[PDB]
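Enquirer: Before I ask anything, let me first share the structure, which is written out below as structure tokens.
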Protein chains: 2
Amino acid sequence: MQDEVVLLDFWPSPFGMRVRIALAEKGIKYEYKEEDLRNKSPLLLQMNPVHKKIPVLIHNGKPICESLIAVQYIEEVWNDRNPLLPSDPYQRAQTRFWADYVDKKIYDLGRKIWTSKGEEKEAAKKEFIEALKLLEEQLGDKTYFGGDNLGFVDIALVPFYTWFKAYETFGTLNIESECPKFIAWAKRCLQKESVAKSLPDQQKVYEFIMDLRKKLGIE
Amino acid sequence: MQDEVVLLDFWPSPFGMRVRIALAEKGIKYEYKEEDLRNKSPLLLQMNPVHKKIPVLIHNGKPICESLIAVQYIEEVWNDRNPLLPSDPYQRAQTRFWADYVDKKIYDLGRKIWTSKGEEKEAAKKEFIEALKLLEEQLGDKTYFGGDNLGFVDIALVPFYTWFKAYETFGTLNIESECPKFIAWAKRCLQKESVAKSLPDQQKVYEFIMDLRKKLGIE
Ligand SMILES: N[C@@H](CCC(=O)N[C@@H](CSCc1ccc([N+](=O)[O-])cc1)C(=O)NCC(=O)O)C(=O)O
Ligand SMILES: N[C@@H](CCC(=O)N[C@@H](CSCc1ccc([N+](=O)[O-])cc1)C(=O)NCC(=O)O)C(=O)O
Ligand SMILES: O=[N+](O)c1ccc(CS)cc1
Ligand SMILES: O=[N+](O)c1ccc(CS)cc1
């Protein structure tokens with residue numbers, strides 16, 4: 001079939017959700033394959049020998065690893081459909097900067113909130129809230145980080161919203177009171193079909209996180 | 001140009017070296033401005049308020065932060081001069097993957113060689129050599145990672161060669177004997193004027209590293 005797209009993923013992975021969103025936004029037919037990360041398939045190990053991680057996008061038999069790299073590949077190949085990145089080089093560089101920011105910070109800071117204790121824990125909490133505020137900043141009055149439509153930064157960032165109940169609980173943090181504009185933005189994203197069908201609810205992820213506390217290192 | 005191009009950098013920085021090579025490869029005249037990372041300038045804090053890191057490319061007064069993002073911006077803007085990335089989306093995705101790989105581990109694996117001790121040091125060293133081997137294998141038969149011309153992966157990676165005397169010494173490993181294909185590749189790169197003009201000698205970097213032993217956590 002005259003285009004084959006397969007996604008190796010694991011449902012609560014925020015990195016995998018980015019690729020699910022980009023696929024749905026582009027209206028791309030694909031096959032979703034769930035991995036058990038305790039028992040990774042020989043397919044996964046062949047397709048991502050370097051990192052042995054999901055997500056892996058497999059397009060006509062060829063793998064693209066690293067979620068943001070896969071989203072950019074999607075943008076460049078499915079170029080006759082909803083653009084996810086700006087065409088102006090400087091604007092594209094800023095878009096990349098903020099996706100990178102999320103990609104370097106939010107996952108790792110979130111995990112730190114619950115692997116640390118005492119004053120180090122409070123340091124990480126402070127930094128996480130500061131990160132949300134900087135992003136709220138960058139968003140301003142816009143409907144989405146992409147403007148009037150979902151863009152690369154929305155795709156990079158909105159999956160992390162699904163981990164918020166876990167961050168709030170295990171990291172002892174009132175995100176909603178501190179950052180109502182961030183929350184409002186994420187709920188706007190959830191009004192898009194491409195996002196709504198790609199993301200699990202906060203409650204399901206929260207339960208899964210407790211089920212994986214040892215591997216996650218809580219606390 | 002006519003175009004104002006300024007690079008805020010620190011001479012032994014491998015990240016800064018990436019941008020230096022890309023500018024030189026495109027034949028772009030630039031002003032180089034050295035930063036003291038112990039006393040970051042108001043200019044630096046203004047241009048990179050988020051990360052407060054070098055390099056920062058300033059093009060006509062506008063900053064582009066993150067070395068790989070700046071290299072891509074240079075490729076996209078100076079698009080009528082020596083291409084640094086492939087035109088094919090899949091090949092571009094692979095170059096991004098391998099640049100990301102370098103950009104992940106090589107700096108951090110290298111440093112871990114000398115921040116750790118005993119049996120954990122031996123692990124870091126093992127993983128580091130393993131990384132170089134994966135890169136030698138990705139290089140395969142080609143003159144450069146970019147083929148017959150320097151490409152994005154060469155730009156991303158070759159700066160780390162300048163830290164090799166430090167890795168070898170402070171990390172107690174014989175890279176030249178274990179990874180001779182890698183070393184042969186780095187020396188080919190150093191024959192290119194754009195690279196030679198941009199990189200300090202291993203000897204100068206080695207001395208600097210000892211001068212910054214406290215800040216770098218050697219060990
Ligand atoms: N940089 C990559 C990051 C992808 C990633 O972290 N993938 C994780 C799953 S989601 C993040 C995650 C990691 C670990 C747990 N856990 O329960 O331990 C849960 C979620 C993975 O495949 N890990 C393989 C492994 O851990 O061996 C990208 O952007 O694609
Ligand atoms: N992700 C960035 C990484 C850039 C980066 O790490 N820059 C370092 C300088 S080179 C890497 C480096 C880091 C630290 C030392 N040292 O001596 O301690 C030397 C070199 C920096 O500005 N650090 C700010 C700081 O240290 O406050 C990129 O790709 O541009
Ligand atoms: O919410 N989810 O975790 C989830 C959503 C959509 C798919 C594609 S079948 C897979 C998982
Ligand atoms: O080798 N170097 O460290 C180095 C080379 C070129 C410049 C631009 S003036 C600055 C530093």
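Chains: A, B, ... in order of the structure tokens. Residues: from 1 per chain. Ligands: from 1, in order shown.
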Please find the residues of chain B near chain A - the criterion being any atom within 12 Å, counting only C-alpha atoms - and write them as a PDB file with N, CA and C atoms, in the first residue's frame.
Expert:
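The new file selection_28.pdb reads:
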ATOM      1  N   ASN B  48      21.256  35.319  25.333  1.00  0.00           N
ATOM      2  CA  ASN B  48      20.883  33.938  25.688  1.00  0.00           C
ATOM      3  C   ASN B  48      20.370  33.917  27.130  1.00  0.00           C
ATOM      4  N   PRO B  49      19.257  34.615  27.384  1.00  0.00           N
ATOM      5  CA  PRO B  49      18.758  34.703  28.754  1.00  0.00           C
ATOM      6  C   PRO B  49      18.291  33.329  29.291  1.00  0.00           C
ATOM      7  N   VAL B  50      17.950  32.429  28.383  1.00  0.00           N
ATOM      8  CA  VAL B  50      17.370  31.154  28.835  1.00  0.00           C
ATOM      9  C   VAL B  50      18.439  30.221  29.385  1.00  0.00           C
ATOM     10  N   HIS B  51      19.481  30.000  28.582  1.00  0.00           N
ATOM     11  CA  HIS B  51      20.550  29.043  28.859  1.00  0.00           C
ATOM     12  C   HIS B  51      21.819  29.709  29.363  1.00  0.00           C
ATOM     13  N   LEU B  57      25.205  32.813  17.973  1.00  0.00           N
ATOM     14  CA  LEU B  57      25.374  33.509  16.695  1.00  0.00           C
ATOM     15  C   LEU B  57      24.486  34.733  16.671  1.00  0.00           C
ATOM     16  N   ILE B  58      25.035  35.891  16.355  1.00  0.00           N
ATOM     17  CA  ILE B  58      24.191  37.113  16.258  1.00  0.00           C
ATOM     18  C   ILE B  58      24.244  37.587  14.823  1.00  0.00           C
ATOM     19  N   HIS B  59      23.131  37.425  14.131  1.00  0.00           N
ATOM     20  CA  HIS B  59      23.062  37.795  12.729  1.00  0.00           C
ATOM     21  C   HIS B  59      22.176  39.038  12.553  1.00  0.00           C
ATOM     22  N   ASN B  60      22.796  40.130  12.116  1.00  0.00           N
ATOM     23  CA  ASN B  60      22.118  41.438  12.003  1.00  0.00           C
ATOM     24  C   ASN B  60      21.403  41.803  13.307  1.00  0.00           C
ATOM     25  N   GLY B  61      22.086  41.524  14.407  1.00  0.00           N
ATOM     26  CA  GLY B  61      21.569  41.918  15.714  1.00  0.00           C
ATOM     27  C   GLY B  61      20.634  40.925  16.407  1.00  0.00           C
ATOM     28  N   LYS B  62      20.252  39.830  15.716  1.00  0.00           N
ATOM     29  CA  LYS B  62      19.318  38.821  16.271  1.00  0.00           C
ATOM     30  C   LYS B  62      20.052  37.551  16.650  1.00  0.00           C
ATOM     31  N   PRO B  63      19.843  37.058  17.885  1.00  0.00           N
ATOM     32  CA  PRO B  63      20.570  35.868  18.305  1.00  0.00           C
ATOM     33  C   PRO B  63      20.013  34.519  17.880  1.00  0.00           C
ATOM     34  N   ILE B  64      20.915  33.596  17.608  1.00  0.00           N
ATOM     35  CA  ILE B  64      20.537  32.176  17.419  1.00  0.00           C
ATOM     36  C   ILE B  64      21.365  31.330  18.386  1.00  0.00           C
ATOM     37  N   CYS B  65      20.690  30.764  19.377  1.00  0.00           N
ATOM     38  CA  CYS B  65      21.349  29.967  20.428  1.00  0.00           C
ATOM     39  C   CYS B  65      21.243  28.476  20.072  1.00  0.00           C
ATOM     40  N   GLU B  66      22.117  27.668  20.687  1.00  0.00           N
ATOM     41  CA  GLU B  66      22.269  26.200  20.509  1.00  0.00           C
ATOM     42  C   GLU B  66      23.030  25.930  19.234  1.00  0.00           C
ATOM     43  N   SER B  67      24.241  25.391  19.405  1.00  0.00           N
ATOM     44  CA  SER B  67      25.178  25.208  18.294  1.00  0.00           C
ATOM     45  C   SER B  67      24.575  24.501  17.096  1.00  0.00           C
ATOM     46  N   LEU B  68      23.864  23.383  17.312  1.00  0.00           N
ATOM     47  CA  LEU B  68      23.263  22.652  16.144  1.00  0.00           C
ATOM     48  C   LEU B  68      22.155  23.438  15.463  1.00  0.00           C
ATOM     49  N   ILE B  69      21.422  24.236  16.237  1.00  0.00           N
ATOM     50  CA  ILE B  69      20.379  25.072  15.693  1.00  0.00           C
ATOM     51  C   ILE B  69      20.998  26.207  14.875  1.00  0.00           C
ATOM     52  N   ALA B  70      22.076  26.784  15.372  1.00  0.00           N
ATOM     53  CA  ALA B  70      22.797  27.832  14.627  1.00  0.00           C
ATOM     54  C   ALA B  70      23.395  27.289  13.336  1.00  0.00           C
ATOM     55  N   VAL B  71      23.966  26.083  13.381  1.00  0.00           N
ATOM     56  CA  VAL B  71      24.516  25.486  12.147  1.00  0.00           C
ATOM     57  C   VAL B  71      23.407  25.308  11.103  1.00  0.00           C
ATOM     58  N   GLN B  72      22.259  24.802  11.537  1.00  0.00           N
ATOM     59  CA  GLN B  72      21.105  24.683  10.633  1.00  0.00           C
ATOM     60  C   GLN B  72      20.615  26.001  10.088  1.00  0.00           C
ATOM     61  N   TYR B  73      20.595  27.026  10.918  1.00  0.00           N
ATOM     62  CA  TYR B  73      20.210  28.366  10.476  1.00  0.00           C
ATOM     63  C   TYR B  73      21.194  28.843   9.395  1.00  0.00           C
ATOM     64  N   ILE B  74      22.486  28.674   9.640  1.00  0.00           N
ATOM     65  CA  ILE B  74      23.491  29.038   8.630  1.00  0.00           C
ATOM     66  C   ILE B  74      23.244  28.285   7.298  1.00  0.00           C
ATOM     67  N   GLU B  75      22.979  26.984   7.393  1.00  0.00           N
ATOM     68  CA  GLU B  75      22.690  26.197   6.172  1.00  0.00           C
ATOM     69  C   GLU B  75      21.483  26.763   5.382  1.00  0.00           C
ATOM     70  N   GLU B  76      20.439  27.101   6.132  1.00  0.00           N
ATOM     71  CA  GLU B  76      19.156  27.518   5.546  1.00  0.00           C
ATOM     72  C   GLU B  76      19.201  28.912   4.942  1.00  0.00           C
ATOM     73  N   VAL B  77      19.970  29.827   5.563  1.00  0.00           N
ATOM     74  CA  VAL B  77      20.074  31.206   5.136  1.00  0.00           C
ATOM     75  C   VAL B  77      21.075  31.357   4.005  1.00  0.00           C
ATOM     76  N   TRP B  78      22.271  30.805   4.188  1.00  0.00           N
ATOM     77  CA  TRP B  78      23.310  30.834   3.137  1.00  0.00           C
ATOM     78  C   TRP B  78      23.166  29.595   2.226  1.00  0.00           C
ATOM     79  N   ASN B  79      22.016  29.547   1.565  1.00  0.00           N
ATOM     80  CA  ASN B  79      21.546  28.376   0.841  1.00  0.00           C
ATOM     81  C   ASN B  79      22.069  28.387  -0.590  1.00  0.00           C
ATOM     82  N   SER B  87      19.648  17.153   0.845  1.00  0.00           N
ATOM     83  CA  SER B  87      18.348  17.621   0.364  1.00  0.00           C
ATOM     84  C   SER B  87      17.254  16.584   0.617  1.00  0.00           C
ATOM     85  N   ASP B  88      17.646  15.312   0.611  1.00  0.00           N
ATOM     86  CA  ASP B  88      16.677  14.228   0.786  1.00  0.00           C
ATOM     87  C   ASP B  88      16.188  14.158   2.242  1.00  0.00           C
ATOM     88  N   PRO B  89      14.868  14.158   2.466  1.00  0.00           N
ATOM     89  CA  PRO B  89      14.374  14.176   3.855  1.00  0.00           C
ATOM     90  C   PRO B  89      14.895  13.031   4.735  1.00  0.00           C
ATOM     91  N   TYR B  90      14.963  11.810   4.191  1.00  0.00           N
ATOM     92  CA  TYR B  90      15.397  10.684   5.025  1.00  0.00           C
ATOM     93  C   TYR B  90      16.871  10.850   5.383  1.00  0.00           C
ATOM     94  N   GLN B  91      17.687  11.166   4.376  1.00  0.00           N
ATOM     95  CA  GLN B  91      19.109  11.368   4.634  1.00  0.00           C
ATOM     96  C   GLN B  91      19.310  12.536   5.627  1.00  0.00           C
ATOM     97  N   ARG B  92      18.493  13.590   5.529  1.00  0.00           N
ATOM     98  CA  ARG B  92      18.617  14.719   6.465  1.00  0.00           C
ATOM     99  C   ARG B  92      18.270  14.274   7.887  1.00  0.00           C
ATOM    100  N   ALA B  93      17.224  13.449   8.000  1.00  0.00           N
ATOM    101  CA  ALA B  93      16.851  12.862   9.289  1.00  0.00           C
ATOM    102  C   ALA B  93      18.002  12.040   9.912  1.00  0.00           C
ATOM    103  N   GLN B  94      18.699  11.245   9.107  1.00  0.00           N
ATOM    104  CA  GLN B  94      19.832  10.458   9.580  1.00  0.00           C
ATOM    105  C   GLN B  94      20.978  11.386  10.000  1.00  0.00           C
ATOM    106  N   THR B  95      21.266  12.428   9.215  1.00  0.00           N
ATOM    107  CA  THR B  95      22.318  13.358   9.667  1.00  0.00           C
ATOM    108  C   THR B  95      21.985  14.045  10.971  1.00  0.00           C
ATOM    109  N   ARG B  96      20.735  14.455  11.125  1.00  0.00           N
ATOM    110  CA  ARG B  96      20.286  14.944  12.383  1.00  0.00           C
ATOM    111  C   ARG B  96      20.406  13.936  13.523  1.00  0.00           C
ATOM    112  N   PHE B  97      20.076  12.673  13.239  1.00  0.00           N
ATOM    113  CA  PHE B  97      20.174  11.655  14.276  1.00  0.00           C
ATOM    114  C   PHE B  97      21.608  11.516  14.782  1.00  0.00           C
ATOM    115  N   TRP B  98      22.569  11.508  13.864  1.00  0.00           N
ATOM    116  CA  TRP B  98      23.968  11.261  14.245  1.00  0.00           C
ATOM    117  C   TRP B  98      24.566  12.516  14.867  1.00  0.00           C
ATOM    118  N   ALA B  99      24.161  13.693  14.386  1.00  0.00           N
ATOM    119  CA  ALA B  99      24.562  14.908  15.106  1.00  0.00           C
ATOM    120  C   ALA B  99      24.015  14.938  16.533  1.00  0.00           C
ATOM    121  N   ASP B 100      22.730  14.585  16.700  1.00  0.00           N
ATOM    122  CA  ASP B 100      22.097  14.483  18.013  1.00  0.00           C
ATOM    123  C   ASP B 100      22.829  13.508  18.916  1.00  0.00           C
ATOM    124  N   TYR B 101      23.230  12.371  18.338  1.00  0.00           N
ATOM    125  CA  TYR B 101      23.983  11.325  19.047  1.00  0.00           C
ATOM    126  C   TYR B 101      25.257  11.896  19.645  1.00  0.00           C
ATOM    127  N   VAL B 102      26.014  12.613  18.808  1.00  0.00           N
ATOM    128  CA  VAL B 102      27.269  13.245  19.232  1.00  0.00           C
ATOM    129  C   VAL B 102      26.964  14.232  20.325  1.00  0.00           C
ATOM    130  N   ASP B 103      25.938  15.031  20.032  1.00  0.00           N
ATOM    131  CA  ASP B 103      25.434  16.127  20.845  1.00  0.00           C
ATOM    132  C   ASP B 103      24.913  15.687  22.180  1.00  0.00           C
ATOM    133  N   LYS B 104      24.174  14.571  22.206  1.00  0.00           N
ATOM    134  CA  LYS B 104      24.051  13.823  23.436  1.00  0.00           C
ATOM    135  C   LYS B 104      25.462  13.457  23.893  1.00  0.00           C
ATOM    136  N   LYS B 105      25.790  12.183  23.770  1.00  0.00           N
ATOM    137  CA  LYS B 105      26.846  11.580  24.542  1.00  0.00           C
ATOM    138  C   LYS B 105      28.287  12.041  24.507  1.00  0.00           C
ATOM    139  N   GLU B 127      32.046   2.666  27.442  1.00  0.00           N
ATOM    140  CA  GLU B 127      30.941   3.308  26.715  1.00  0.00           C
ATOM    141  C   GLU B 127      31.450   4.337  25.698  1.00  0.00           C
ATOM    142  N   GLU B 130      32.932   2.729  22.792  1.00  0.00           N
ATOM    143  CA  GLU B 130      31.814   2.091  22.104  1.00  0.00           C
ATOM    144  C   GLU B 130      31.111   3.060  21.159  1.00  0.00           C
ATOM    145  N   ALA B 131      30.849   4.270  21.669  1.00  0.00           N
ATOM    146  CA  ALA B 131      30.372   5.417  20.891  1.00  0.00           C
ATOM    147  C   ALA B 131      31.270   5.732  19.688  1.00  0.00           C
ATOM    148  N   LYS B 133      33.250   3.778  18.170  1.00  0.00           N
ATOM    149  CA  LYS B 133      33.062   2.648  17.245  1.00  0.00           C
ATOM    150  C   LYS B 133      31.759   2.709  16.434  1.00  0.00           C
ATOM    151  N   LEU B 134      30.646   3.047  17.075  1.00  0.00           N
ATOM    152  CA  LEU B 134      29.393   3.224  16.343  1.00  0.00           C
ATOM    153  C   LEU B 134      29.554   4.307  15.278  1.00  0.00           C
ATOM    154  N   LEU B 135      30.275   5.377  15.627  1.00  0.00           N
ATOM    155  CA  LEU B 135      30.544   6.463  14.676  1.00  0.00           C
ATOM    156  C   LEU B 135      31.467   6.012  13.539  1.00  0.00           C
ATOM    157  N   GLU B 137      31.598   3.074  12.329  1.00  0.00           N
ATOM    158  CA  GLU B 137      30.737   2.190  11.531  1.00  0.00           C
ATOM    159  C   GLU B 137      29.736   2.989  10.686  1.00  0.00           C
ATOM    160  N   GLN B 138      29.153   4.040  11.269  1.00  0.00           N
ATOM    161  CA  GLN B 138      28.289   4.950  10.507  1.00  0.00           C
ATOM    162  C   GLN B 138      29.073   5.617   9.366  1.00  0.00           C
TER     163      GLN B 138
END
Enquirer: Using only C-alpha atoms and all ligand atoms, which residues have at least one atom no more than 8 Å from ligand 4? Output them as a compact mmCIF listing (two decimals) with C-alpha atoms, in the first residue's frame.
Expert:
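This is the output file out25.txt:
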# COMPACT_ATOMS: atom_id res chain seq x y z
CA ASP B 9 32.19 31.99 22.00
CA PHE B 10 34.87 30.56 24.23
CA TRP B 11 37.88 29.25 22.28
CA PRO B 12 38.11 25.64 23.66
CA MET B 17 33.84 25.28 17.11
CA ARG B 20 33.06 28.49 13.49
CA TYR B 30 32.35 37.11 11.10
CA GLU B 31 33.48 38.88 14.22
CA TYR B 32 34.58 36.56 17.05
CA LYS B 33 33.98 37.71 20.67
CA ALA B 196 41.92 24.12 10.40
CA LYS B 197 41.07 27.83 10.78
CA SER B 198 38.43 27.03 13.42
CA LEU B 199 39.94 24.48 15.83
CA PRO B 200 42.64 24.86 18.46
CA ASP B 201 45.41 22.22 18.82
Enquirer: Would you pick out the contacts of residue 21 in chain B at 6 Å or less, using only C-alpha atoms, so that residues sharing its chain but fewer than 4 positions from it are not included, and give the list as a PDB file with N, CA and C atoms, in the first residue's frame?
Expert:
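Writing done, so here's part.pdb:
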ATOM      1  N   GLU B  25      33.028  27.389   6.317  1.00  0.00           N
ATOM      2  CA  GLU B  25      32.652  26.574   5.153  1.00  0.00           C
ATOM      3  C   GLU B  25      31.766  27.349   4.178  1.00  0.00           C
ATOM      4  N   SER B 194      38.455  25.364   6.357  1.00  0.00           N
ATOM      5  CA  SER B 194      37.340  25.764   7.248  1.00  0.00           C
ATOM      6  C   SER B 194      37.446  25.169   8.655  1.00  0.00           C
ATOM      7  N   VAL B 195      38.026  23.973   8.741  1.00  0.00           N
ATOM      8  CA  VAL B 195      38.207  23.261   9.998  1.00  0.00           C
ATOM      9  C   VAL B 195      39.516  23.701  10.674  1.00  0.00           C
ATOM     10  N   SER B 198      39.468  26.954  12.385  1.00  0.00           N
ATOM     11  CA  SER B 198      38.430  27.031  13.419  1.00  0.00           C
ATOM     12  C   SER B 198      38.777  26.339  14.726  1.00  0.00           C
TER      13      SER B 198
END
Enquirer: Report, in Å with one decimal, the straight-line distance from CA of residue 126 in chain B to CA of residue 172 in chain B.
Expert: 11.2 Å
Enquirer: Please identify all protein, DNA and RNA residues within 6 Å of ligand 1, counting only C-alpha atoms and all ligand atoms, and report them as a ChimeraX atom specification.
Expert: /A:13,15,37,53-55,66-68,212,215-216
Enquirer: Let me see the file: selected residues, N, CA, C and O atoms, as a compact mmCIF listing (two decimals), in the first residue's frame.
Expert:
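The result, written out as out15.txt:
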# COMPACT_ATOMS: atom_id res chain seq x y z
N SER A 13 4.24 7.29 26.85
CA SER A 13 5.47 8.01 26.51
C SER A 13 5.10 9.37 25.93
O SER A 13 4.45 9.44 24.86
N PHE A 15 7.18 11.34 24.53
CA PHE A 15 7.96 11.39 23.26
C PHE A 15 7.21 10.72 22.13
O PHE A 15 7.06 11.31 21.06
N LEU A 37 8.58 -2.15 27.33
CA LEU A 37 9.98 -1.72 27.48
C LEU A 37 10.84 -2.60 28.42
O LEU A 37 12.09 -2.46 28.49
N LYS A 53 15.28 2.81 22.19
CA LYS A 53 14.12 3.54 22.70
C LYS A 53 12.98 3.65 21.70
O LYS A 53 13.17 3.66 20.48
N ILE A 54 11.78 3.81 22.24
CA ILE A 54 10.67 4.33 21.46
C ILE A 54 10.55 5.85 21.69
O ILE A 54 11.01 6.36 22.72
N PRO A 55 9.90 6.58 20.77
CA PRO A 55 9.28 6.08 19.54
C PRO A 55 10.26 5.79 18.41
O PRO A 55 11.34 6.44 18.30
N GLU A 66 14.30 9.21 17.46
CA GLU A 66 14.27 10.49 18.17
C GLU A 66 13.01 11.27 17.77
O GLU A 66 12.85 11.72 16.65
N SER A 67 12.12 11.44 18.74
CA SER A 67 10.80 12.00 18.49
C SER A 67 10.83 13.32 17.70
O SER A 67 10.12 13.45 16.74
N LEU A 68 11.67 14.29 18.09
CA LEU A 68 11.67 15.57 17.38
C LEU A 68 12.23 15.45 15.98
O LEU A 68 11.82 16.21 15.06
N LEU A 212 5.04 1.94 37.86
CA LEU A 212 6.45 1.92 37.45
C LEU A 212 7.40 2.70 38.34
O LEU A 212 8.47 3.11 37.91
N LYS A 215 11.35 1.62 38.45
CA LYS A 215 12.08 1.99 37.23
C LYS A 215 12.18 3.52 37.11
O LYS A 215 13.24 4.05 36.76
N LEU A 216 11.10 4.23 37.45
CA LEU A 216 11.12 5.70 37.39
C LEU A 216 11.95 6.35 38.50
O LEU A 216 12.36 7.50 38.36
Enquirer: Go ahead and compute the interatomic distance for CA of residue 149 in chain B and CA of residue 182 in chain B, in Å to one decimal.
Expert: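 For CA of residue 149 in chain B relative to CA of residue 182 in chain B, the distance reads 16.6 Å.
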Enquirer: Write down as an NGL selection string the residues of chain B whose backbone DSSP state falls under strand (DSSP E).
Expert: :B and (5-9 or 31-34 or 56-59 or 62-65)
Enquirer: If I take CA of residue 112 in chain A and CA of residue 124 in chain A, how far is one from the other in Å, to one decimal?
Expert: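 That distance, rounded to one decimal, is 6.3 Å.
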Enquirer: Nearest to residue 205 in chain A: which of A:189, A:28, A:8, A:166 is it, counting only C-alpha atoms?
Expert: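 Smallest separation from residue 205 in chain A among the options: A:166.
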Enquirer: Enumerate as a list in words all residues of range 16-51 of chain A assigned to helix (DSSP H, G or I) by DSSP on the backbone, naming them with the chain letters and numbers the document uses.
Expert: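 The helix (DSSP H, G or I) residues within range 16-51 of chain A come out as residues 16, 17, 18, 19, 20, 21, 22, 23, 24, 25, 42, 43, 44, 45, 46 and 47 of chain A.
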Enquirer: Keeping only C-alpha atoms, take the residues you just selected and write them out as a PDB file, in the first residue's frame.
Expert:
ATOM      1  CA  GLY A  16       5.770   8.854  21.412  1.00  0.00           C
ATOM      2  CA  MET A  17       2.700  11.167  21.821  1.00  0.00           C
ATOM      3  CA  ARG A  18       4.571  13.867  19.842  1.00  0.00           C
ATOM      4  CA  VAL A  19       4.805  11.533  16.813  1.00  0.00           C
ATOM      5  CA  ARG A  20       1.153  10.379  17.229  1.00  0.00           C
ATOM      6  CA  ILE A  21       0.091  14.059  17.160  1.00  0.00           C
ATOM      7  CA  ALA A  22       2.173  14.911  14.098  1.00  0.00           C
ATOM      8  CA  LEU A  23       0.856  11.852  12.177  1.00  0.00           C
ATOM      9  CA  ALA A  24      -2.772  12.727  13.013  1.00  0.00           C
ATOM     10  CA  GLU A  25      -2.299  16.425  12.185  1.00  0.00           C
ATOM     11  CA  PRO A  42      13.723  -7.790  18.224  1.00  0.00           C
ATOM     12  CA  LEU A  43      12.106  -5.325  15.758  1.00  0.00           C
ATOM     13  CA  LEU A  44      12.717  -2.401  18.091  1.00  0.00           C
ATOM     14  CA  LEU A  45      16.328  -3.526  18.673  1.00  0.00           C
ATOM     15  CA  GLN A  46      16.958  -3.800  14.922  1.00  0.00           C
ATOM     16  CA  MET A  47      15.345  -0.393  14.167  1.00  0.00           C
TER      17      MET A  47
END
Enquirer: Rank B:109, B:179, B:156, B:186 by their smallest atom-to-atom distance to ligand 2, using only C-alpha atoms and all ligand atoms, and report the top residue only.
Expert: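 Using only C-alpha atoms and all ligand atoms, ligand 2 sits closest to B:156.
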Enquirer: What's around residue 203 in chain A at 12 Å? Count only C-alpha atoms, leave out sequence neighbours fewer than 3 positions away in its own chain, and write the answer as a count of residues only.
Expert: 17
